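As they're listed, the protein sequences go chains C and B.
Heads up: the first sequence runs through residues 3 to 90, 115 to 217, 247 to 406, numbered per the authors' numbering.
At position 68 of the second sequence the residue is numbered 89 (the authors' numbering), and the sequence of numbers has no breaks.
Note that CB positions come from ideal geometry on N, CA and C, so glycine has one too.
The block underneath contains the structure these notes are about, expressed in structure tokens.
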Amino acid sequence: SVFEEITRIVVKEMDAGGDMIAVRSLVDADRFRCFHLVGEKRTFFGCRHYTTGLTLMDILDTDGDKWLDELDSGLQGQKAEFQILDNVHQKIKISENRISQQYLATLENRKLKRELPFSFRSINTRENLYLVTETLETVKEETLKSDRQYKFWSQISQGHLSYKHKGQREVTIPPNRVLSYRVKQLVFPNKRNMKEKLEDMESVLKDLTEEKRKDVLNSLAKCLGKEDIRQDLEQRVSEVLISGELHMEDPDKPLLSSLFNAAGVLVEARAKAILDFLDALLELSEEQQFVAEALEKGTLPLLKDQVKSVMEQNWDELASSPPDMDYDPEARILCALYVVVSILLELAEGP
Amino acid sequence: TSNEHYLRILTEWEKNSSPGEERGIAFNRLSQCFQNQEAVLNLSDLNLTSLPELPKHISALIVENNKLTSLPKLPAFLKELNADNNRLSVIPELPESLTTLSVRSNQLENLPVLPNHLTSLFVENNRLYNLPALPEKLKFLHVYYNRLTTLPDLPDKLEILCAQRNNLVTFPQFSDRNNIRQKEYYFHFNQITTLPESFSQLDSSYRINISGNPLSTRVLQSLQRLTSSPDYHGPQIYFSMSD
């Protein structure tokens with residue numbers, strides 16, 4: 003998505019690679035902004051900021067009579083005007123909005139509250155979180171056309187494909203929008248190489264079924280075709296993992312009857328397996344349209360087999376980067392596609 | 022008779038316009054902008070190619086994205102001169118009333134003297150090859166995206182200074198006589214190799230994003246020596262880790 007693209011660009015030009023991180027959720031543009039604390043390193047893949055009903059008021063909600071002046075003191079947010087300009115002359119008009127160090131001090135010397143939401147206890151299990159301090163809003167409707175770029179995961183285009191396509195994707199940005207947000211941490215006042252992993256999963260998932268799998272494929276069509284349904288099925292599957300039960304109103308019911316095995320017993324291996332899928336696939340940012348296309352195609356075997364040669368070339372970097380340090384994102388995409396069709400085909404061919 | 026001249030010269034400049042402008046709306050705006058002399062006197066998006074003589078009682082001027090031709094005298098103003106994306110000519114001398122000047126996205130190649138206690142400067146997106154002395158009361162600087170290569174001294178209350186993507190070859194003789202909560206000193210994408218010995222002398226209440234500059238390996242490895250060491254208590258300087 004260009005949101006990812008143009009917000010990466012504004013990060014790089016305005017302040018390259020600092021604590022001001024882009025927004026990748028295209029449709030979820032201004033859900034989070036100044037005074038919207040979403041975020042946790044809650045066993046995520048390093049660079050993740052979950053879209054949850056927890057925002058800054060929902061974590062640190064003052065409940066006294068002095069709220070009326072807290073309206074002014076809280077929407078005091080800055081509207082300083084920046085001109086972002088490159089060879090995308116042209117000047118996109120951004121507003122920097124940074125809650126001042128004085129309010130940072132007041133929040134530090136204040137204390138949290140008692141009735142918090144269930145989402146808090148669901149997400150903050152092992153969360154080393156970050157909070158939005160400086161955010162980049164859009165002041166004027168800024169529908170701007172753009173195409174694409176990436177790096178050297180162009181080995182796909184080296185194999186037999188050519189990748190000569192055109193990303194004429196022109197997303198609309200209305201006024202009062204969001205581009206990027208500075209992240210800083212107030213964490214809580216206490217108030247196998249995946250080939251062998253994937254061999255184990257290949258057994259426990261060769262254990263799968265056909266029609267249940269076809270619902271898997273349709274459900275992943277909606278999920279990993281458009282952004283929104285990805286977080287939909289993400290929340291659903293995470294709830295399946297934690298609660299370990301079933302609500303019979305799930306559109307993903309045959310995969311539920313699949314993760315729960317043919318006898319209806321939840322194979323935790325299958326649950327963590329769809330989870331490692333979703334991790335690898337959401338690591339493939341905006342690959343959603345392409346994977347919905349791939350369901351329509353039935354040509355995942357082609358995709359992986361290409362990056363199968365490519366993965367067996369690239370085992371240098373997920374072993375070079377320790378699991379707790381920053382990986383190579385391109386190599387993560389690579390191993391992700393291995394995981395994609397390795398499993399998905401060992402699945403799609405009957406048990 | 023004075024209002025009579027302004028009316029008639031405005032009418033001439035309105036009806037001898039080469040016929041491509043919203044200057045009828047600009048004209049009734051100027052009739053209500055001299056008759057009663059409204060504040061703000063906004064000219065934005067009206068595309069007035071040439072701004073004629075303004076009334077004496079002006080308060081704040083806001084004329085973004087209007088012109089290509091030089092401004093006339095701005096004689097006695099009051100607060101905000103906001104002249105974005107207009108022309109390349111020189112700025113008229115600022116009066117004692119002017120405290121905020123935003124000439125962002127303009128094309129002035131020679132910023133003139135900026136006397137008096139000017140507070141809020143925003144001269145981003147210009148071709149300033151030079152910059153004279155800045156006022157002491159300067160507090161929010163923005164020389165962002167400018168061609169200056171010989172950045173002079175800094176004031177003693179500057180907090181946010183954005184001067185990235187300039188031809189700055191040398192980190193200047195820094196005014197680290199400033200003690201702002203977090204120095205937003207964005208110098209990324211400059212031509213710097215030489216670092217003045219005083220990087221051990223600035224406080225940790227600093228982020229100088231010195232990225233993009235072609236530092237020498239020795240100074241870079243000294244920076245690694247102070248950063249990989251767990252006791253980094255100098256400025257929180259983000260160096261260009263191949264960013």
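Asked	Found
Where the alpha helix (DSSP H) through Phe48/B begins and ends	44-55
Contacting residues, own chain, Cβ-Cβ under 8 Å from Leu51/B (five flanking each side not counted)	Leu31
Per-residue DSSP class, three states only, for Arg228/B	strand
Selection of the region 330-355 of chain C by Cβ proximity to chain B, strictly under 8 Å	none
Through-space distance from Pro251/B to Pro133/B, alpha-carbon basis	46 Å
Chain B within 8 Å of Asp17/C, Cβ atoms only	yes
Those residues which DSSP pairs with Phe178/C across a bridge	Paired residues: none, contrary to the question.
Backbone CA spacing between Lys36/B and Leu69/B [nearest angstrom]	12 Å
Chain-ordered residues of the region 156-179 of chain B with a beta carbon less than 7 Å from chain C	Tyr166
Same chain, Cβ closer than 7 Å to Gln344/C, neighbours up to 5 away in sequence not counted	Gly280
Residue(s) in a DSSP beta bridge with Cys183/B	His163/B, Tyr207/B
Cα-Cα separation, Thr191/B to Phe260/B	15 Å
Proximity below 8 Å, CB of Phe143/B to CB of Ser123/B	yes
Top-ranked residue by Cα proximity to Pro309/C, from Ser298/C, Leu260/C, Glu265/C, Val25/C	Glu265/C
Identified DSSP bridge partners for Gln344/C	Paired residue(s): none; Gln344/C is not in a bridge.
Buried versus exposed, by CB contacts within 10 Å (16 or more), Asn211/B	buried
Inter-residue Cα distance where the pair is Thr45/C and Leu358/C	28 Å
Partner residues on chain B for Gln127/C, Cβ-Cβ distance less than 8 Å	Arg202, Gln203
C-beta contact flag for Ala104/B and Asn131/B at 8 Å	no
Residue-chain proximity (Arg44/B, chain C), Cβ-Cβ < 8 Å	no
For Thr354/C, the nearest candidate out of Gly48/C, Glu341/C, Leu272/C, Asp173/C (CA to CA)	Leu272/C
Collapsed DSSP secondary structure at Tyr207/C in the structure displayed	strand
Simplified DSSP assignment, three categories, for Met262/B	coil
Nearest-angstrom Cα separation, counted from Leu182/B out to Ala24/C	22 Å
Minimum length 3: unbroken beta strand (DSSP E) runs contained in the region 63-136 of chain B	101-103, 121-123
Beta-carbon proximity of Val213/C to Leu133/C, cut-off 8 Å	no
Enclosing alpha helix (DSSP H) for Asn273/C [first to last residue]	266-278
Rounded separation between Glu74/B and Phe195/B - CA only	42 Å
Rounded distance between the beta-carbons of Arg202/B and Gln127/C, thought under 8 Å	5 Å
Distance, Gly66/C Cα to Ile125/C Cα	21 Å
Inter-residue spacing [alpha-carbon to alpha-carbon] between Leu162/C and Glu42/C	20 Å
Per-residue burial, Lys204/B [other beta carbons within 10 Å of its own, 16 or more giving buried]	buried
Limits of the unbroken beta strand (DSSP E) element including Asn123/C	118-124
From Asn147/B, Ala81/B, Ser91/B, residue whose alpha carbon lies closest to that of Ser118/B	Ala81/B
8 Å Cβ cutoff, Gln85/C in contact with chain B	yes
Neighbourhood of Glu341/C by C-beta, 6 Å cutoff - its chain only, sequence neighbours within 5 removed	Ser3
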